[PDB]
Amino acid sequence: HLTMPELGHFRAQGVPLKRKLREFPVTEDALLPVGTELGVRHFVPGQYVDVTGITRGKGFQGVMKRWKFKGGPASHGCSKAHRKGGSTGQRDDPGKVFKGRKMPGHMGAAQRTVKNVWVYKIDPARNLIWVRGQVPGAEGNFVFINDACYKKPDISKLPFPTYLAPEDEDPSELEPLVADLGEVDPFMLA
Amino acid sequence: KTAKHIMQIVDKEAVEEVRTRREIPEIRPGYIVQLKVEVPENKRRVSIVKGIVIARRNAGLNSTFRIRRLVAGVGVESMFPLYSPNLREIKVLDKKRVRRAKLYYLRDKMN
Amino acid sequence: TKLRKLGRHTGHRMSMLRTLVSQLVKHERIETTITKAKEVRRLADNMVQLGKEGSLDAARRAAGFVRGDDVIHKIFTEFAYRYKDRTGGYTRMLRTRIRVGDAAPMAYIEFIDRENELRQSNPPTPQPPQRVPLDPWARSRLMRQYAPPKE
Amino acid sequence: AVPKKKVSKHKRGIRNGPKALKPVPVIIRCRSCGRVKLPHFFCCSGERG
Amino acid sequence: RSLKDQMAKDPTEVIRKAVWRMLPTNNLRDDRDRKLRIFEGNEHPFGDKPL
Amino acid sequence: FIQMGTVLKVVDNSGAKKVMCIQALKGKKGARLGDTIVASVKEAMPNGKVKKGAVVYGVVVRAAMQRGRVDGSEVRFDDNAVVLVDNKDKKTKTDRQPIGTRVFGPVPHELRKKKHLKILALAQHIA
RNA sequence: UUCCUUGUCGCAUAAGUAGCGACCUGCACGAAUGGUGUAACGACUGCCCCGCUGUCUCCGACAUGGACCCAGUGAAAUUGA
RNA sequence: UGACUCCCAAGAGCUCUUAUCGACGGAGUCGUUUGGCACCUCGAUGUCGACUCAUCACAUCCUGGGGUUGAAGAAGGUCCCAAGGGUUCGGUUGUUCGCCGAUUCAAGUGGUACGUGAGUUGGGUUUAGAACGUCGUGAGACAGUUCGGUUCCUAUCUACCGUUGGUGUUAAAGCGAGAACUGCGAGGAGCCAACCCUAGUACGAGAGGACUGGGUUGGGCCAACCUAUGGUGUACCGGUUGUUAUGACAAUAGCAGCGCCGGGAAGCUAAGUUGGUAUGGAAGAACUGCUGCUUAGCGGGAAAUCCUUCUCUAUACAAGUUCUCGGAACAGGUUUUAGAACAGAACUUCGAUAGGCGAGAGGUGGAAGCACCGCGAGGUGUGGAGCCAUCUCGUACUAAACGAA
Ligand SMILES: [K+]
Ligand SMILES: [K+]
Ligand SMILES: [K+]
Ligand SMILES: [K+]
Ligand SMILES: [K+]
Ligand SMILES: [K+]
Ligand SMILES: [K+]
Ligand SMILES: [K+]
Ligand SMILES: [K+]
Ligand SMILES: [K+]
Ligand SMILES: [K+]
Ligand SMILES: [K+]
Ligand SMILES: [K+]
Ligand SMILES: [K+]
Ligand SMILES: [Mg+2]
Ligand SMILES: [Mg+2]
Ligand SMILES: [Mg+2]
Ligand SMILES: [Mg+2]
Ligand SMILES: [Mg+2]
Ligand SMILES: [Mg+2]
Ligand SMILES: [Mg+2]
Ligand SMILES: [Mg+2]
Ligand SMILES: [Mg+2]
Ligand SMILES: [Mg+2]
Ligand SMILES: [Mg+2]
Ligand SMILES: [Mg+2]
Ligand SMILES: [Mg+2]
Ligand SMILES: [Mg+2]
Ligand SMILES: [Mg+2]
Ligand SMILES: [Mg+2]
Ligand SMILES: [Mg+2]
Ligand SMILES: [Mg+2]
Ligand SMILES: [Mg+2]
Ligand SMILES: [Mg+2]
Ligand SMILES: [Mg+2]
Ligand SMILES: [Mg+2]
Ligand SMILES: [Mg+2]
Ligand SMILES: [Mg+2]
Ligand SMILES: [Mg+2]
Ligand SMILES: [Mg+2]
Ligand SMILES: [Mg+2]
Ligand SMILES: [Mg+2]
Ligand SMILES: [Mg+2]
Ligand SMILES: [Mg+2]
Ligand SMILES: [Mg+2]
Ligand SMILES: [Mg+2]
Ligand SMILES: [Mg+2]
Ligand SMILES: [Mg+2]
Ligand SMILES: [Mg+2]
Ligand SMILES: [Mg+2]
Ligand SMILES: [Mg+2]
Ligand SMILES: [Mg+2]
Ligand SMILES: [Mg+2]
Ligand SMILES: [Mg+2]
Ligand SMILES: [Mg+2]
Ligand SMILES: [Mg+2]
Ligand SMILES: [Mg+2]
Ligand SMILES: [Mg+2]
Ligand SMILES: [Mg+2]
Ligand SMILES: [Mg+2]
Ligand SMILES: [Mg+2]
Ligand SMILES: [Zn+2]
């Protein structure tokens, strides 16, 4: 499944063959040796994360879908200009179209980040993370998960530089961990 | 494919988790069901809801069904998630013979 | 499955596909465009499977698709005996040439396991009984492997 | 909209430059029938058909 | 950008921009800019050259 | 969405029978269940507090458009109905005084979170 | 037919340079270049209401033919360089 | 001329010129008004208004920061700083304008050929028809009114939105490649309200009623997503009308441009659901103070400026870095989460990439055949039956290296 240069890179690093590679900038104290396995217990339930992925592809798209332009009337004499952009500038001053003018073109299949995505549940047996709401991308495609920049997690609670499980640990014995919501009913104090 | 397979496995386990704690009867279109509904928006107020099942969708843990009834002379339609924990008790009272899975013609019915 | 439109409205498209399947059953091998053959193979397999079921319901369903008494008789007798132990894959299609006139890529499509077939088919192998699959996590645990020593 | 000027041979040659044909990298010749063909094209079955 | 902020950012660019617009505008200009080696301090890698 | 031109039934005893919405007080697309609208009175009873042609405020208590709830449930009514509330004091932008004294028909659970507590107190049936 | 003028009053609308009914100050109506009405009639020009709707709030999905691509054939206005 | 700024200060302001103003008179600034000139265009530069899409200036309408007040507080007045983000829907009218109604934090003023018709309209105006009033002997006319009245163009260049192909970037294989980065630089993001606590506190005789700080709920705008909801779902399931055919029965098929109705999973989509509308640092606007002692220095200081979060970015020519390969990388074929072509991504036979087959889920809603009841239309049972758009799982039967290539 790999080209020979990629296979040689994996061979010379001494790691098993992987499907997707991604580089993450870290500070010096956060470095981990080559071959360290990272699980879903890197994150703590209740914390917020930033999720990055390649969005859904939409192909070549017009101004109405791409930029929420209003278009033209469906009747009252309108002549073959129902979904077009209308005017694209001013006349002779400036005598040109400015850069960044919203026009038709390719839409989607681009990298985007969703900030402050809330981690609901951690399943360490299956390495599954339940996280609230939408995440960019198609099913079966890869996404990248970092600490949230805006709602920064508590420093004293994160496993640093990662969660280091012992090898004497059974996959069957780990139970899923749910975010603690507290004991104050949000529907009963209002 | 593996992503959808994982979703199916997790949904199947979630459905079997709920059905071992609560008793949920089989609900078909045309059934007269009575149920107690807790509404957490209104200070967790519990009310008894009775009506005829007019629609159903099988979607695992997120299965839904729809109830049509009259409340003080005004027709009120309510959709509920079948495995919602705010449904305290569901009873089937009567079964009307119907020919279809969706009974949206009952909205146009005089009664 | 991607169901192709073939530049035809639905009535014309389905009539053409029914005629093509009937001609394929009658002649045992026809030449057409690669795209039409990629559409015809699925319906021809469905007709063979209807002949293998063999019931009155299967006969009535098949008589609503294919045209001709000889075609339906061939399906329910000769194809039923021939493909009796073959699970699926009763047809073979192979690209042959570029058509003069519109540069359409052409393909033979044929029923297999008969005299003067294009290639020798594998023996009709019955399917093994349904296996319960492993979990994706157990499978992922078994899929981990290193680079072979080739340096 | 009409062209404002005649297009020079230089600009026409620049435009038609990438549209030149390129040679096919792999060509198959059957040793039996002698047909010259691309990969994944059927010409002959073997003997004892 | 002010001169103070440019000096805080990269003081070699101040000299490079002063020299650049004093040179004739022709195709030899960037070749002459290639020969202008500016350093913010006293240290440079050309100590083996005949300075 | 209840918007400009929508004709609504009046389900209190303020004396009006039908109103036409002028605007939703909040929302570009219009008003959903539990929202407050500005309306003008089209039909009124001969002896009532509210006369035909008056500009009034009304709280939507029945809506034909389905409204989702916090646990995934939905509710939908057959028609569109309002309960008239006071609009002479425009600095009280909170729970408004109903003009009438009785409310007929079902009333949504949404009125508590939107703080229409007087209408919820006056209601007999809650759906 | 009234410039001033969106004259003023009334009906109507949440709001009506509109419409209808008034008034008379007719810039610059008026009795076969007919005056004033008028049932019936009008693909004539206004105004209001019910029904109805993607006209709109606010646009979405789908279907055919073009547009795209490949193989044949193969125009046009225009053009100082 | 107009708009705005300034100078003087009689007088108004209980006293008091300049808190707010300001007579008689003066000095400017701008280039939006009304105009003047007639230099460009009459071998053509198509109007006003609306629509669509905007962008700039700041003489700032809102939001942000201040000085002063004839500033107790609340609400204001006035001036200074500030262009980051905003600045509504309707009724009459062709209208711009303006009035009115309901809102809003506010509903700014101007430039862009009074921005924008090879982007849309065509209601007014401004050809030919007709009518009224008026003027003319008349043919006719009106700067008055009224009804009607063909809106062409396939984009060559610049610009702009996207997508690729080639090419420079000595390397040591005259080198050719696959990955993973850094980010010179560029773009994007930038809003507001109401309620509650602080607090019925400060202030005030009372009525009234805060600054600051912190929460909650909304609205708008932006970025995604499809679990559920709604719409659609033209090769899914069922019902049904007319007709033709399979002789009839039975069961179907064609056409009525899905024949028409009721449903409908996936996919797409918003009317649905999520996520943002931060943080920290630096320099600093009006203004504000401290040090000096005449030159100045220093501190604080805003929705503004520059980094930081987000996206692109080595054709960044001082052309960058790291790992790896060397029959490498491509190409071809089966496809797809990607897609106009191209490109990306998966798989390519020691292989589940597509088709088929089998099972399950999901949709539809109770097949045929047979039996029973009924004169019959029909009803009941066998039986959550039969069928299959999709999805998952199993499986090399077919096509992908069947490449003895
Ligand atoms: K007159
Ligand atoms: K007469
Ligand atoms: K007529
Ligand atoms: K000027
Ligand atoms: K001219
Ligand atoms: K301000
Ligand atoms: K002030
Ligand atoms: K403007
Ligand atoms: K125009
Ligand atoms: K032009
Ligand atoms: K040009
Ligand atoms: K759907
Ligand atoms: K049917
Ligand atoms: K028929
Ligand atoms: Mg719009
Ligand atoms: Mg539209
Ligand atoms: Mg036309
Ligand atoms: Mg059209
Ligand atoms: Mg120019
Ligand atoms: Mg999906
Ligand atoms: Mg250089
Ligand atoms: Mg007039
Ligand atoms: Mg009036
Ligand atoms: Mg009149
Ligand atoms: Mg006369
Ligand atoms: Mg006469
Ligand atoms: Mg007459
Ligand atoms: Mg061609
Ligand atoms: Mg002038
Ligand atoms: Mg000319
Ligand atoms: Mg200013
Ligand atoms: Mg104050
Ligand atoms: Mg602005
Ligand atoms: Mg009207
Ligand atoms: Mg208007
Ligand atoms: Mg203009
Ligand atoms: Mg303008
Ligand atoms: Mg133009
Ligand atoms: Mg055009
Ligand atoms: Mg006109
Ligand atoms: Mg005369
Ligand atoms: Mg006209
Ligand atoms: Mg046009
Ligand atoms: Mg940078
Ligand atoms: Mg969107
Ligand atoms: Mg969905
Ligand atoms: Mg779904
Ligand atoms: Mg649905
Ligand atoms: Mg029959
Ligand atoms: Mg026919
Ligand atoms: Mg016919
Ligand atoms: Mg048809
Ligand atoms: Mg349907
Ligand atoms: Mg539907
Ligand atoms: Mg300072
Ligand atoms: Mg500071
Ligand atoms: Mg480079
Ligand atoms: Mg592709
Ligand atoms: Mg498969
Ligand atoms: Mg079912
Ligand atoms: Mg049937
Ligand atoms: Zn051969």
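Chain naming here is simple, since letters A, B, ... match the order of the sequence lines and numbering starts at 1 in each.
Rounded to whole Å, the P atom of H/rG11 lies 28 Å from the corresponding atom of H/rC4. The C1' atoms of H/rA266 and H/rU382 are separated by 35 Å, rounded to the nearest whole Å.
Within residues 63-71 of chain A, the residues having any heavy atom closer than 4.0 Å to RNA chain G are, in order of number, A/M64, A/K70. Only at 4.0 angstrom or more do the heavy atoms of residues 103-118 of chain A sit from any atom of RNA chain G, so none qualifies.
For a distance-only test at 3.5 Å, the side chain of F/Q66 fails to qualify as a donor-acceptor partner of the base of H/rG230. Donor-acceptor pairing under 3.5 Å, judged by distance alone, is present between the side chain of C/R13 and the base of H/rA235. Donor-acceptor pairing under 3.5 Å, judged by distance alone, is absent between the side chain of F/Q23 and the base of G/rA14. Put simply, the side chain of A/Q90 and the base of H/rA113 share no donor and acceptor less than 3.5 Å apart. In terms of polar N and O atoms assigned as donor or acceptor, the side chain of B/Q8 never comes within less than 3.5 Å of the base of H/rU392 in a complementary pairing.
Looking at residues two or more places apart in sequence or on another chain, you find no ring-ring contact (aromatic ring centres under 6.0 Å, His included) involving D/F42. Under the side-chain hydrogen bond (donor to acceptor under 3.5 Å, both in side chains) criterion, E/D10 pairs with E/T12, sequence neighbours left out.
Nucleotide H/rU334 carries an anti base; the chi torsion (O4'-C1'-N9-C4 or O4'-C1'-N1-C2) is more than 90° from 0. By the rule that a glycosidic angle within 90° of 0 means syn, H/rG122 counts as syn. Applying the 90° criterion around 0 to the glycosidic angle, H/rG117 comes out syn. Here H/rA38 is in the anti range [glycosidic angle more than 90° from 0].
Side-chain nitrogen and oxygen atoms of C/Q49 include at least one within less than 4.0 Å of the OP1 or OP2 phosphate oxygen of H/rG358. Not one side-chain nitrogen or oxygen of C/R41 sits closer than 4.0 Å to the OP1 or OP2 atom of H/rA354. Considering only side-chain N and O atoms, C/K5 lies under 4.0 angstrom from the phosphate OP1 or OP2 of G/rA63. Remark: B/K1 is in phosphate contact with H/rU353, judged by side-chain N or O atoms under 4.0 Å from OP1 or OP2. Side-chain nitrogen and oxygen atoms of A/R56 include at least one within less than 4.0 Å of the OP1 or OP2 phosphate oxygen of H/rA338. For A/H1, a side-chain nitrogen or oxygen approaches OP1 or OP2 of H/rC347 to under 4.0 Å.
Counting any heavy atom pair closer than 4.0 Å across all strands shown, A/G85 reaches sugar-phosphate atoms only and no base atom. Backbone-only contact: F/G53 has heavy atoms under 4.0 Å from sugar-phosphate atoms and none from a base. Residue E/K35 is classed as having no contact, given no heavy-atom separation below 4.0 Å to the nucleic acid. Within the nucleic acid shown, C/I98 has no heavy atom closer than 4.0 Å to any nucleic acid atom. No contact: F/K114 has no heavy atom under 4.0 Å from any strand. Looking at heavy-atom distances under 4.0 Å, A/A81 makes contact with sugar-phosphate atoms alone, never a base. Within 4.0 Å (heavy atoms only), C/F65 reaches no atom of the nucleic acid at all. Residue contacts for D/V26: at a heavy-atom cut-off of 4.0 Å it reaches no nucleic acid atom on any strand shown. Among the protein residues, D/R29 comes within range of no part of the nucleic acid, since none of its heavy atoms lies under 4.0 Å from any strand. Using a 4.0 Å heavy-atom distance criterion, D/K11 is classed as making no nucleic acid contact.
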Sugar-phosphate means primed atoms, P, OP1 and OP2; the rest is base. With that split, encode nucleotides 183-194 of chain H 5' to 3' as B, S or - using protein heavy atoms under 4.0 Å. --S---------
Between protein and nucleotides 76-81 of chain G, map the contacts as a letter string: B base, S sugar-phosphate only, - none, heavy atoms under 4.0 Å, written 5' to 3'. -BBBBB
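Ion pair E/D31/E/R34 flagged as a salt bridge, since at least one NZ, NE, NH1 or NH2 atom sits closer than 4.0 Å to an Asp/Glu carboxylate oxygen. Residues C/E39 and C/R13 are not paired through a salt bridge, judged by the lack of any N-O separation under 4.0 Å between the basic side chain and the carboxylate.
With the rule of ring centres under 5.5 Å apart and planes tilted under 30°, the neighbouring bases H/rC42 and H/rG43 are not scored as stacked. Base stacking between strand neighbours H/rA400 and H/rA401 is not detected by the criterion of six-membered ring centres within less than 5.5 Å and interplanar angle below 30°.
Pairing status of H/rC357 against H/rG394: a Watson-Crick or G-U wobble pair, both distances under 3.5 Å. Under the 3.5 Å cutoff applied to both distances, H/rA368 and H/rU334 fail to qualify as a Watson-Crick or G-U wobble pair. Pairing check for H/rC105 against H/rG284: the Watson-Crick or wobble criterion is not satisfied at the 3.5 Å limit. A canonical Watson-Crick pair (purine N1 to pyrimidine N3 plus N6-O4 or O6-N4) or a G-U wobble (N1-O2 and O6-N3), each contact under 3.5 Å, is present between H/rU241 and H/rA256.
Between A/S75 and F/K42, the residue anchored nearer the 5' end of RNA chain G, judged by the nucleotide with its closest heavy atom, is F/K42. Judged by closest nucleotide on RNA chain H, E/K4 is the one of E/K4 and C/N46 placed further toward the 5' end. Checking F/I22 against F/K29, the closest nucleotide of RNA chain G that is more toward the 5' end is the one next to F/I22.
Following rounding to the nearest Å, F/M4 (CE) and H/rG101 (P) show an atom-to-atom distance of 15 Å.
Side-chain contact check for F/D71 and F/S73: at least one donor-acceptor pair (N or O, by modelled atom type) lies under 3.5 Å. Looking only at atom types and distance, the side chain of C/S121 has a donor-acceptor partner in the side chain of C/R92 under 3.5 Å away.
With a 3.5 Å ceiling on both atom-pair distances, the Watson-Crick or G-U wobble partner of H/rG2 is H/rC30.
With hydrogens and angles ignored, the 3.5 Å screen pairs no side-chain donor or acceptor of F/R76 with any backbone N or O of B/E77.
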